[PDB]
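File shown: input25.csv (CSV, C-alpha atoms and all ligand atoms).
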```csv
chain,number,residue,atom,x,y,z
A,1,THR,CA,123.1,135.2,94.1
A,2,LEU,CA,122.5,133.3,90.9
A,3,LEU,CA,118.7,133.3,91.6
A,4,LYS,CA,118.4,136.6,93.4
A,5,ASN,CA,115.0,138.2,92.9
A,6,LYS,CA,114.2,135.4,90.4
A,7,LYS,CA,110.7,134.0,90.7
A,8,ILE,CA,110.9,130.2,90.2
A,9,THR,CA,107.8,128.2,89.3
A,10,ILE,CA,107.6,124.4,89.5
A,11,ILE,CA,104.8,122.7,87.5
A,12,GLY,CA,103.5,119.7,89.4
A,13,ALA,CA,103.4,118.8,93.1
A,14,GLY,CA,104.4,115.2,92.7
A,15,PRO,CA,107.2,113.8,94.9
A,16,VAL,CA,109.9,115.2,92.5
A,17,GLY,CA,108.5,118.7,92.1
A,18,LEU,CA,107.9,119.1,95.8
A,19,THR,CA,111.4,117.9,96.7
A,20,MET,CA,112.8,120.3,94.2
A,21,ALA,CA,110.7,123.1,95.8
A,22,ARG,CA,112.1,122.4,99.2
A,23,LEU,CA,115.7,122.1,98.2
A,24,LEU,CA,115.4,125.5,96.4
A,25,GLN,CA,113.3,127.2,99.1
A,26,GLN,CA,115.8,126.4,101.9
A,27,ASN,CA,118.4,128.5,100.0
A,28,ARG,CA,116.1,131.6,100.2
A,29,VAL,CA,114.7,131.1,96.6
A,30,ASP,CA,111.3,132.4,95.7
A,31,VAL,CA,109.6,129.2,94.5
A,32,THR,CA,105.9,128.5,93.6
A,33,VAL,CA,104.5,125.1,92.9
A,34,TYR,CA,101.4,124.8,90.7
A,35,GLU,CA,99.4,121.6,91.1
A,36,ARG,CA,96.2,120.6,89.3
A,37,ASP,CA,94.8,118.6,92.2
A,38,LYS,CA,92.0,120.7,93.7
A,39,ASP,CA,93.2,120.6,97.3
A,40,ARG,CA,95.9,118.9,99.4
A,41,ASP,CA,93.3,116.3,100.7
A,42,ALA,CA,93.2,114.7,97.2
A,43,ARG,CA,94.1,111.0,97.6
A,44,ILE,CA,97.0,109.8,95.5
A,45,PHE,CA,96.2,106.5,93.8
A,46,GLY,CA,99.0,104.0,93.5
A,47,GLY,CA,101.3,101.6,95.3
A,48,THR,CA,104.0,102.7,97.8
A,49,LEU,CA,107.4,104.3,97.0
A,50,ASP,CA,110.8,103.2,98.3
A,51,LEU,CA,113.7,105.6,98.4
A,52,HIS,CA,117.2,104.3,97.6
A,53,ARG,CA,120.1,105.2,99.9
A,54,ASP,CA,122.3,106.9,97.3
A,55,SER,CA,119.5,108.9,95.6
A,56,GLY,CA,116.0,109.4,97.1
A,57,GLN,CA,117.3,109.2,100.7
A,58,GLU,CA,120.2,111.6,99.9
A,59,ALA,CA,117.6,114.1,98.6
A,60,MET,CA,115.5,113.7,101.8
A,61,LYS,CA,118.7,114.1,103.8
A,62,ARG,CA,119.7,117.4,102.1
A,63,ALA,CA,116.1,118.6,102.6
A,64,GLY,CA,116.3,117.6,106.3
A,65,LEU,CA,113.6,115.0,105.9
A,66,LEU,CA,115.6,111.8,106.2
A,67,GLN,CA,114.5,111.0,109.8
A,68,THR,CA,110.9,111.9,109.0
A,69,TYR,CA,111.0,109.5,106.0
A,70,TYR,CA,112.3,106.7,108.3
A,71,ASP,CA,109.7,107.5,111.0
A,72,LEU,CA,106.8,107.0,108.5
A,73,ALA,CA,108.2,104.5,106.1
A,74,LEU,CA,107.8,100.8,106.7
A,75,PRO,CA,110.4,98.0,106.0
A,76,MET,CA,108.8,95.1,104.2
A,77,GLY,CA,109.8,91.6,103.0
A,78,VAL,CA,108.9,90.1,99.7
A,79,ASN,CA,107.2,86.7,98.9
A,80,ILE,CA,107.6,85.1,95.5
A,81,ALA,CA,104.6,82.9,94.7
A,82,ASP,CA,103.4,80.7,91.9
A,83,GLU,CA,100.0,80.5,90.3
A,84,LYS,CA,99.0,77.6,92.5
A,85,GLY,CA,99.5,79.7,95.7
A,86,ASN,CA,102.8,78.2,96.8
A,87,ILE,CA,105.5,80.5,98.3
A,88,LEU,CA,108.6,79.7,96.4
A,89,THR,CA,110.9,82.0,98.4
A,90,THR,CA,110.6,84.5,101.2
A,91,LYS,CA,113.1,87.3,101.0
A,92,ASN,CA,113.0,89.0,104.4
A,93,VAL,CA,114.8,92.1,105.7
A,94,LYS,CA,117.8,91.7,107.9
A,95,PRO,CA,118.6,94.5,110.4
A,96,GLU,CA,121.5,95.6,108.2
A,97,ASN,CA,119.0,96.1,105.4
A,98,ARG,CA,116.0,97.3,107.3
A,99,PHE,CA,116.3,101.0,106.3
A,100,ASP,CA,117.7,100.3,102.9
A,101,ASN,CA,114.4,100.5,101.0
A,102,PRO,CA,111.5,101.1,103.4
A,103,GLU,CA,108.1,101.6,101.6
A,104,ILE,CA,106.2,104.8,102.1
A,105,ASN,CA,102.6,105.8,101.2
A,106,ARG,CA,102.4,108.4,98.5
A,107,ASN,CA,100.1,110.7,100.4
A,108,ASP,CA,102.3,110.4,103.5
A,109,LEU,CA,105.3,111.5,101.3
A,110,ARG,CA,103.3,114.4,99.9
A,111,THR,CA,102.5,115.5,103.4
A,112,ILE,CA,106.0,115.5,104.8
A,113,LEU,CA,107.1,117.5,101.8
A,114,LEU,CA,104.2,119.9,102.0
A,115,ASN,CA,105.0,120.4,105.7
A,116,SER,CA,108.6,121.2,104.9
A,117,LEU,CA,107.5,124.1,102.6
A,118,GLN,CA,106.4,127.5,103.7
A,119,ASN,CA,102.6,128.1,103.8
A,120,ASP,CA,101.0,128.6,100.4
A,121,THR,CA,104.2,127.6,98.5
A,122,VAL,CA,101.9,125.2,96.5
A,123,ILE,CA,98.9,126.6,94.7
A,124,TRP,CA,96.2,123.9,94.3
A,125,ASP,CA,93.6,123.7,91.6
A,126,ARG,CA,96.0,125.1,89.0
A,127,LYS,CA,96.2,123.0,85.8
A,128,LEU,CA,98.8,124.4,83.5
A,129,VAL,CA,97.4,124.5,79.9
A,130,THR,CA,100.0,126.6,78.0
A,131,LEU,CA,103.4,128.1,78.7
A,132,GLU,CA,104.5,131.0,76.5
A,133,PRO,CA,107.7,133.0,76.6
A,134,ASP,CA,108.0,136.8,76.8
A,135,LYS,CA,111.1,139.0,76.2
A,136,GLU,CA,111.8,138.6,79.9
A,137,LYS,CA,109.3,136.4,81.7
A,138,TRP,CA,107.3,133.2,81.1
A,139,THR,CA,103.5,133.5,80.8
A,140,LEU,CA,101.7,130.5,82.5
A,141,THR,CA,98.1,129.8,81.6
A,142,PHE,CA,95.8,127.8,83.9
A,143,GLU,CA,92.4,126.4,83.0
A,144,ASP,CA,89.7,128.8,84.2
A,145,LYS,CA,92.2,130.4,86.5
A,146,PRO,CA,94.3,133.6,86.5
A,147,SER,CA,97.6,133.6,84.7
A,148,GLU,CA,101.0,133.8,86.3
A,149,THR,CA,104.6,134.7,85.4
A,150,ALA,CA,108.1,133.3,86.2
A,151,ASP,CA,111.7,133.8,85.5
A,152,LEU,CA,112.6,130.1,85.5
A,153,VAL,CA,110.1,127.2,84.8
A,154,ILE,CA,110.8,123.7,85.9
A,155,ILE,CA,108.5,121.0,84.3
A,156,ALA,CA,107.7,118.4,86.9
A,157,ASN,CA,104.1,117.4,86.1
A,158,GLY,CA,104.8,113.8,85.1
A,159,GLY,CA,105.4,111.5,82.2
A,160,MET,CA,102.4,112.5,80.2
A,161,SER,CA,103.2,116.3,80.3
A,162,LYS,CA,102.0,118.3,77.3
A,163,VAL,CA,104.2,121.4,78.0
A,164,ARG,CA,107.6,120.1,77.0
A,165,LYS,CA,108.0,121.5,73.4
A,166,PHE,CA,110.3,124.4,74.4
A,167,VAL,CA,112.7,121.8,75.8
A,168,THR,CA,112.3,118.8,73.5
A,169,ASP,CA,110.2,117.5,70.6
A,170,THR,CA,110.5,114.0,72.0
A,171,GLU,CA,107.2,112.0,72.2
A,172,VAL,CA,106.2,109.4,74.8
A,173,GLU,CA,105.9,105.9,73.4
A,174,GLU,CA,104.4,102.6,74.6
A,175,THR,CA,106.8,99.9,75.5
A,176,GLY,CA,104.3,97.0,74.9
A,177,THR,CA,103.0,96.1,78.4
A,178,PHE,CA,99.8,97.1,80.2
A,179,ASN,CA,99.0,97.5,83.9
A,180,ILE,CA,95.7,97.1,85.8
A,181,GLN,CA,95.8,98.3,89.4
A,182,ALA,CA,93.4,98.6,92.3
A,183,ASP,CA,93.0,99.0,96.0
A,184,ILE,CA,91.2,96.6,98.4
A,185,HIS,CA,90.3,98.1,101.7
A,186,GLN,CA,90.0,95.8,104.7
A,187,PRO,CA,91.7,93.0,102.7
A,188,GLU,CA,91.8,90.8,105.8
A,189,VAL,CA,88.0,90.7,105.3
A,190,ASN,CA,87.5,91.0,101.5
A,191,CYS,CA,90.3,88.8,100.2
A,192,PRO,CA,91.5,86.8,103.2
A,193,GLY,CA,93.0,83.9,101.4
A,194,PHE,CA,95.3,86.1,99.3
A,195,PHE,CA,95.8,88.5,102.2
A,196,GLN,CA,97.2,85.6,104.4
A,197,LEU,CA,99.3,84.5,101.4
A,198,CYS,CA,101.0,87.9,101.4
A,199,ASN,CA,101.5,87.3,105.1
A,200,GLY,CA,102.6,90.9,105.8
A,201,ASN,CA,105.0,91.0,102.9
A,202,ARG,CA,104.9,92.3,99.4
A,203,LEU,CA,104.0,89.5,96.9
A,204,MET,CA,105.1,88.8,93.3
A,205,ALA,CA,104.0,86.0,91.0
A,206,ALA,CA,104.6,85.3,87.3
A,207,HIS,CA,102.8,82.7,85.1
A,208,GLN,CA,102.3,82.7,81.3
A,209,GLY,CA,103.6,86.2,80.9
A,210,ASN,CA,101.0,87.5,83.4
A,211,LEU,CA,102.6,89.2,86.4
A,212,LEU,CA,101.0,90.2,89.7
A,213,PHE,CA,102.4,92.6,92.3
A,214,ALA,CA,100.8,93.4,95.6
A,215,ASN,CA,101.4,95.4,98.8
A,216,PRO,CA,99.1,94.1,101.5
A,217,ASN,CA,99.6,97.1,103.9
A,218,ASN,CA,99.4,100.4,102.1
A,219,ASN,CA,98.1,102.5,105.0
A,220,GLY,CA,95.6,99.7,105.9
A,221,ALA,CA,94.6,98.9,102.3
A,222,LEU,CA,95.9,96.3,99.9
A,223,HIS,CA,97.2,97.6,96.6
A,224,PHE,CA,97.9,95.3,93.7
A,225,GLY,CA,98.6,95.4,90.0
A,226,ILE,CA,98.4,92.8,87.2
A,227,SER,CA,100.6,93.3,84.1
A,228,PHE,CA,101.0,91.6,80.8
A,229,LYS,CA,102.1,92.1,77.2
A,230,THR,CA,99.6,94.2,75.3
A,231,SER,CA,97.9,92.6,72.3
A,232,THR,CA,89.5,96.4,73.0
A,233,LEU,CA,86.8,94.4,74.8
A,234,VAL,CA,87.5,96.1,78.2
A,235,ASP,CA,85.8,99.2,79.7
A,236,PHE,CA,87.4,100.3,83.0
A,237,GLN,CA,84.2,102.1,84.0
A,238,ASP,CA,82.5,98.6,83.9
A,239,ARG,CA,84.2,96.5,86.5
A,240,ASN,CA,82.4,93.5,85.0
A,241,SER,CA,84.3,93.6,81.7
A,242,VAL,CA,87.6,93.8,83.6
A,243,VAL,CA,86.7,90.9,85.9
A,244,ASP,CA,85.7,88.7,82.9
A,245,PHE,CA,88.9,89.7,81.2
A,246,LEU,CA,91.2,89.0,84.2
A,247,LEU,CA,89.5,85.8,85.1
A,248,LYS,CA,90.2,84.4,81.6
A,249,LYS,CA,93.9,85.3,81.9
A,250,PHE,CA,94.0,83.9,85.4
A,251,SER,CA,92.0,80.7,84.7
A,252,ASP,CA,95.1,78.7,85.5
A,253,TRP,CA,95.6,80.5,88.9
A,254,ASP,CA,94.6,79.4,92.3
A,255,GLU,CA,91.2,80.5,93.6
A,256,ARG,CA,92.8,82.9,96.2
A,257,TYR,CA,93.9,85.0,93.2
A,258,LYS,CA,90.5,84.6,91.6
A,259,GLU,CA,89.0,85.8,94.8
A,260,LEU,CA,91.2,88.9,94.7
A,261,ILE,CA,89.9,89.9,91.3
A,262,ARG,CA,86.2,89.2,92.0
A,263,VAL,CA,86.2,91.4,95.2
A,264,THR,CA,88.0,94.4,93.6
A,265,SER,CA,85.7,97.4,93.3
A,266,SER,CA,87.4,99.8,90.9
A,267,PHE,CA,90.1,99.0,88.3
A,268,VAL,CA,92.6,101.4,86.8
A,269,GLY,CA,94.3,100.5,83.4
A,270,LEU,CA,97.5,102.1,82.2
A,271,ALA,CA,99.8,101.4,79.2
A,272,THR,CA,103.4,101.2,80.1
A,273,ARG,CA,105.3,104.1,78.4
A,274,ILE,CA,108.8,105.6,78.1
A,275,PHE,CA,109.9,109.2,77.5
A,276,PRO,CA,113.1,108.2,75.6
A,277,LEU,CA,116.2,110.2,76.3
A,278,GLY,CA,117.9,109.2,73.0
A,279,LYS,CA,118.1,112.5,71.2
A,280,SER,CA,119.5,115.5,73.1
A,281,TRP,CA,117.3,118.3,74.3
A,282,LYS,CA,117.0,121.7,72.6
A,283,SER,CA,120.1,123.8,72.7
A,284,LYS,CA,118.6,127.3,72.4
A,285,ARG,CA,115.5,128.0,74.5
A,286,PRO,CA,113.8,131.4,74.7
A,287,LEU,CA,114.0,131.7,78.5
A,288,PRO,CA,115.3,129.5,81.3
A,289,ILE,CA,113.5,126.2,81.5
A,290,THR,CA,114.2,122.5,82.1
A,291,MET,CA,112.5,119.3,83.3
A,292,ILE,CA,112.8,116.8,86.1
A,293,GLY,CA,111.2,113.5,87.2
A,294,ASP,CA,109.0,111.5,84.9
A,295,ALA,CA,108.5,114.5,82.7
A,296,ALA,CA,112.3,114.1,82.0
A,297,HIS,CA,112.5,110.3,81.7
A,298,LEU,CA,109.4,108.3,82.2
A,299,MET,CA,110.3,104.6,82.1
A,300,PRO,CA,108.9,101.2,82.9
A,301,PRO,CA,108.7,100.5,86.7
A,302,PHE,CA,109.0,96.7,87.0
A,303,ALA,CA,112.7,96.9,88.1
A,304,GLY,CA,112.1,99.6,90.7
A,305,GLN,CA,113.4,102.5,88.7
A,306,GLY,CA,111.3,105.6,88.9
A,307,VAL,CA,111.0,108.3,91.6
A,308,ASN,CA,114.7,107.9,92.7
A,309,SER,CA,116.0,109.2,89.3
A,310,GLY,CA,113.7,112.2,89.7
A,311,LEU,CA,114.9,112.8,93.2
A,312,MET,CA,118.4,112.7,91.9
A,313,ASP,CA,117.3,115.4,89.4
A,314,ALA,CA,116.0,117.7,92.1
A,315,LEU,CA,119.3,117.2,94.0
A,316,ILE,CA,121.6,118.1,91.2
A,317,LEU,CA,119.5,120.8,89.6
A,318,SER,CA,118.9,122.6,92.9
A,319,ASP,CA,122.6,122.2,93.8
A,320,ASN,CA,123.7,123.7,90.5
A,321,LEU,CA,121.4,126.7,90.8
A,322,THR,CA,122.5,127.4,94.4
A,323,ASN,CA,126.1,126.2,94.8
A,324,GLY,CA,127.4,129.3,93.0
A,325,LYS,CA,129.6,127.2,90.6
A,326,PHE,CA,127.9,128.4,87.4
A,327,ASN,CA,128.0,131.8,85.7
A,328,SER,CA,124.4,131.6,84.4
A,329,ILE,CA,121.2,129.8,85.1
A,330,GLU,CA,121.5,128.3,81.6
A,331,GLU,CA,125.0,126.8,82.4
A,332,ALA,CA,123.6,125.3,85.6
A,333,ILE,CA,120.7,123.8,83.6
A,334,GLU,CA,123.2,122.6,81.0
A,335,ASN,CA,125.3,120.7,83.6
A,336,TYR,CA,122.2,119.1,85.2
A,337,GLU,CA,120.9,117.8,81.9
A,338,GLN,CA,124.3,116.4,80.9
A,339,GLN,CA,124.5,114.4,84.2
A,340,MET,CA,120.8,113.4,84.0
A,341,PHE,CA,121.2,112.2,80.4
A,342,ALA,CA,124.1,110.0,81.6
A,343,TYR,CA,122.7,108.2,84.6
A,344,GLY,CA,119.1,108.5,83.2
A,345,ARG,CA,120.0,106.7,80.0
A,346,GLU,CA,121.4,103.9,82.1
A,347,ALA,CA,118.2,103.7,84.2
A,348,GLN,CA,116.0,103.5,81.0
A,349,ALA,CA,118.1,100.8,79.4
A,350,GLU,CA,117.9,98.8,82.6
A,351,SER,CA,114.2,99.3,82.8
A,352,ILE,CA,113.6,98.3,79.2
A,353,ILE,CA,115.8,95.2,79.5
A,354,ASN,CA,114.0,94.2,82.7
A,355,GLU,CA,110.6,94.7,81.1
A,356,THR,CA,111.5,92.3,78.3
A,357,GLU,CA,112.9,89.8,80.8
A,358,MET,CA,110.0,89.7,83.2
A,359,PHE,CA,107.3,89.3,80.5
A,360,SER,CA,109.3,86.7,78.6
A,361,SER,CA,107.9,83.2,78.5
A,362,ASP,CA,110.7,81.6,80.6
A,363,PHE,CA,110.7,84.1,83.4
A,364,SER,CA,110.7,82.7,87.0
A,365,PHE,CA,112.1,85.4,89.3
A,401,LIG,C1,102.2,101.0,87.8
A,401,LIG,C2,103.4,101.8,88.3
A,401,LIG,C3,104.2,101.4,89.4
A,401,LIG,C4,105.3,102.1,89.8
A,401,LIG,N1,106.0,101.7,90.9
A,401,LIG,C5,107.0,102.4,91.3
A,401,LIG,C6,107.8,101.9,92.4
A,401,LIG,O1,107.6,100.9,93.0
A,401,LIG,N2,108.9,102.7,92.7
A,401,LIG,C7,109.2,103.9,92.1
A,401,LIG,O2,110.2,104.5,92.5
A,401,LIG,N3,108.5,104.3,91.0
A,401,LIG,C8,107.4,103.6,90.7
A,401,LIG,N4,106.7,104.0,89.6
A,401,LIG,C9,107.1,105.3,89.0
A,401,LIG,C10,106.9,106.5,89.9
A,401,LIG,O3,105.5,106.6,90.4
A,401,LIG,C11,107.2,107.8,89.2
A,401,LIG,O4,108.5,107.7,88.7
A,401,LIG,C12,107.2,109.0,90.1
A,401,LIG,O5,105.9,109.2,90.6
A,401,LIG,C13,107.7,110.3,89.4
A,401,LIG,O6,107.2,111.4,90.1
A,401,LIG,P1,107.0,112.8,89.4
A,401,LIG,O7,106.8,113.9,90.5
A,401,LIG,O8,108.2,113.0,88.5
A,401,LIG,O9,105.7,112.7,88.6
A,401,LIG,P2,104.2,112.4,89.2
A,401,LIG,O10,104.4,111.5,90.4
A,401,LIG,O11,103.4,111.9,88.1
A,401,LIG,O12,103.7,113.8,89.6
A,401,LIG,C14,103.2,114.8,88.7
A,401,LIG,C15,102.4,115.8,89.4
A,401,LIG,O13,102.1,116.9,88.5
A,401,LIG,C16,100.7,117.1,88.5
A,401,LIG,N5,100.2,117.6,87.2
A,401,LIG,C17,99.9,116.9,86.1
A,401,LIG,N6,99.5,117.7,85.1
A,401,LIG,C18,99.5,118.9,85.6
A,401,LIG,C19,99.2,120.2,85.1
A,401,LIG,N7,98.8,120.4,83.8
A,401,LIG,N8,99.4,121.3,85.8
A,401,LIG,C20,99.8,121.1,87.1
A,401,LIG,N9,100.1,120.0,87.7
A,401,LIG,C21,100.0,118.9,86.9
A,401,LIG,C22,100.1,115.7,88.9
A,401,LIG,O14,98.7,115.9,89.4
A,401,LIG,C23,101.1,115.3,90.0
A,401,LIG,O15,100.8,115.9,91.2
A,401,LIG,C24,105.6,103.3,89.1
A,401,LIG,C25,104.8,103.7,88.1
A,401,LIG,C26,103.7,103.0,87.6
A,401,LIG,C27,102.9,103.5,86.5
```
What does the file become when written as C-alpha cells?
Ligand SMILES: Cc1cc2nc3c(=O)[nH]c(=O)nc-3n(C[C@H](O)[C@H](O)[C@H](O)COP(=O)(O)OP(=O)(O)OC[C@H]3O[C@@H](n4cnc5c(N)ncnc54)[C@H](O)[C@@H]3O)c2cc1C
Amino acid sequence: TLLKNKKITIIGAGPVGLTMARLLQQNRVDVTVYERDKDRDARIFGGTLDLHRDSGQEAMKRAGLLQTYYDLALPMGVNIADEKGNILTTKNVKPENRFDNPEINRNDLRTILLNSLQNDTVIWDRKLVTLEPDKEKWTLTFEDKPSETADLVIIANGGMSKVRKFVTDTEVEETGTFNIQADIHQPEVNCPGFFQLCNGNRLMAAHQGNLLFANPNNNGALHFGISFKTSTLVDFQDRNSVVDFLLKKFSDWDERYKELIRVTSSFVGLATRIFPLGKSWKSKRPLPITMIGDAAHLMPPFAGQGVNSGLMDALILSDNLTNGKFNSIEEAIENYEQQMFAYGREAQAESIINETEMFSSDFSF
C-alpha cells in the first residue's frame, strides 16, 4: 500500500543494491536498478565476500537465497604466517562453524541476485551523472543515455558516490592506509611456493607494518592484497614501478612472497577511506531518497566489516517500506536511518580501531 504505483529506482547493482531490489520486488514493488557496468558479463574485481549469520545470511534468507548462497559458497580455513614463511597457527573450520562464514565469489553473488530478479529489472550501461528533484518526481541523468524518473531514489552505488548531496554534505576521507591488490590465475603454476603455503586456506601475514592477505581459491584464481600505512614514485599502469616498490618493502620477506610479487601481472592500488557517520543526515529533502551500503557508511575492511552492514540496510529499509508500520515513506526512511546510524557507528568505530591495531608496530595477530 505504502509504495502503491510508486516507481522505485536503485542506483548501483552491487551486492547491497541488488539485495535491496529483490527484497522490494518480492513485495510487488516496481523497482529498477541502474548500473554503470556495460553488461552483466562484466567481471567484478576483488576478493571473496563472507556473509554473517545475523545480517548478510538473514538478508539472503528473507530473499529466499540462503540455500543458494550455501550451495555456491565455500568454507575456508585461515593460516597465519610470518615473513620467513612459517605457519604460526592454522585456524580450521569445525563442522559447527562450517556454514558460519563461507566465502563466495563476487560474480557468483551478483548472478544469484540477478537470477532472483525479474528479467530486465537491472538496466546495464547506465552511469548516473546527476539527480535533480521535480515537484513530484526525481529526474535521473545518465551519461550519453536517456533520462529516467522515479518516486523514490535509493543511493547504493558505493563508497565513492557523487550523488549524495541531497542526503548529506558529508565527504569521504582517507584513514591513512593503502591497499595494492591483484589476481594470479593458475597460482599452482605461477606462484607454487606461496600457493602451497596457503595450502587451501586463506593466509595472513604481518611484518613491519606491512600486511598481506590472500585467498588461494577465488574461482580458480588466487587473489591477494598488500596493505601498509600511507606516507608518488608508483604508476599502477607500469607493473615495474609497483614490483620495485613492493620488493623494497618486502626485502625482509621469504622468497616465496617475492615470487608472488614478481609473477603478478596487473596491480590495483586503492587508498583506504571512510564515509563517516558522525553528523546526522539532512532533515528536509525535496523528495523521498536515502542511501544504503558503502554509499551510506564506507569503512576500512581489515576487520571484516563491510557488505554485511549494507545487507542489514537493505533488510531494514525494505521491511520498513513494506511492513505497513509507517504512515509515510519518509517516516519509514527516518526509522531505517536511525537504526543504521546506531549499529553503523559501532561498525565504523570497530573498523577504525582495528585498522590502527593491525598496522601498529607491535601487531602479531
Ligand atoms: C580491499 C578491500 C577488501 C574488502 N574485503 C571485504 C571483505 O572481506 N568482506 C566484506 O564484507 N567487505 C569487504 N570489503 C568491503 C565490501 O566490498 C563493500 O562493503 C561492499 O562491496 C559494499 O557493497 P555496495 O553494493 O554497497 O557497493 P559496491 O560493492 O561498491 O557496489 C556499487 C555498485 O554501483 C555501481 N556504480 C558506481 N557508480 C555508479 C553510477 N554512477 N551509476 C550507476 N551505478 C554505479 C558500481 O559499478 C557497483 O556495481 C572490502 C573492501 C576493500 C576495498
Residues within 12 Å of range 85-95 of chain A, please, as a PyMOL selection string. Count all atoms listed in the file; anything in the same chain fewer than 4 positions from it doesn't count.
chain A and resi 74-81+99-102+193-207+252-258+364-365
Which residues are near range 163-174 of chain A? Cut-off 6 Å, all atoms listed in the file, ignore same chain within fewer than 5 positions. Put them as a list in words.
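So the residues in contact are residues 272, 273, 274, 275, 281 and 282 of chain A.
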Show me, as a PyMOL selection string, the residues that have an atom within 10 Å of range 326-331 of chain A when counting all atoms listed in the file, minus same-chain residues fewer than 2 positions from it.
chain A and resi 2-3+152+284-285+287-290+320-324+333-337
Kindly indicate which residue among A:106, A:40, A:262, A:248 lies nearest to residue 120 in chain A, using all atoms listed in the file for the distances.
A:40
Which residues are near range 291-297 of chain A? Cut-off 8 Å, all atoms listed in the file, ignore same chain within fewer than 6 positions. Put them as a list in words.
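Using all atoms listed in the file, the neighbours found are residues 16, 17, 154, 155, 156, 157, 158, 159, 160, 161, 167, 274, 275, 276, 277, 306, 307, 309, 310, 311, 313, 314, 344 and 348 of chain A.
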Mind checking which residues fall within 12 Å of residue 65 in chain A, counting all atoms listed in the file, ignoring those fewer than 5 positions away in the same chain, and posting them as number ranges by chain?
A: 19, 22-23, 56-60, 70-73, 109-117
Expected file: the selected residues, C-alpha atoms, as an mmCIF file, in the coordinates of the input:
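selection_24.cif, freshly written:
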```cif
data_model
loop_
_atom_site.group_PDB
_atom_site.id
_atom_site.type_symbol
_atom_site.label_atom_id
_atom_site.label_comp_id
_atom_site.auth_asym_id
_atom_site.auth_seq_id
_atom_site.Cartn_x
_atom_site.Cartn_y
_atom_site.Cartn_z
ATOM 1 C CA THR A 19 111.400 117.900 96.700
ATOM 2 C CA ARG A 22 112.100 122.400 99.200
ATOM 3 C CA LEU A 23 115.700 122.100 98.200
ATOM 4 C CA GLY A 56 116.000 109.400 97.100
ATOM 5 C CA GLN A 57 117.300 109.200 100.700
ATOM 6 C CA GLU A 58 120.200 111.600 99.900
ATOM 7 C CA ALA A 59 117.600 114.100 98.600
ATOM 8 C CA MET A 60 115.500 113.700 101.800
ATOM 9 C CA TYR A 70 112.300 106.700 108.300
ATOM 10 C CA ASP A 71 109.700 107.500 111.000
ATOM 11 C CA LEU A 72 106.800 107.000 108.500
ATOM 12 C CA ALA A 73 108.200 104.500 106.100
ATOM 13 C CA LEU A 109 105.300 111.500 101.300
ATOM 14 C CA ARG A 110 103.300 114.400 99.900
ATOM 15 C CA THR A 111 102.500 115.500 103.400
ATOM 16 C CA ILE A 112 106.000 115.500 104.800
ATOM 17 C CA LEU A 113 107.100 117.500 101.800
ATOM 18 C CA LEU A 114 104.200 119.900 102.000
ATOM 19 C CA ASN A 115 105.000 120.400 105.700
ATOM 20 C CA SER A 116 108.600 121.200 104.900
ATOM 21 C CA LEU A 117 107.500 124.100 102.600
#
```
Among listed residues A:24, A:279, A:8, A:317, nearest residue 63 in chain A (using all atoms listed in the file)
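The shortest atom-to-atom distance to residue 63 in chain A comes from A:24.
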Mind giving me the straight-line distance from CA of residue 249 in chain A to CA of residue 226 in chain A in Å, one decimal?
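Between CA of residue 249 in chain A and CA of residue 226 in chain A the gap is 10.2 Å.
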Please report the interatomic distance between CA of residue 234 in chain A and CA of residue 210 in chain A in Å with one decimal.
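One can read the CA of residue 234 in chain A to CA of residue 210 in chain A distance as 16.8 Å.
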Residue with smallest distance to ligand LIG 401 (chain A) - pool A:190, A:139, A:227, A:338, counting all atoms listed in the file
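Checking each of A:190, A:139, A:227, A:338 against ligand LIG 401 (chain A), counting all atoms listed in the file, the winner is A:227.
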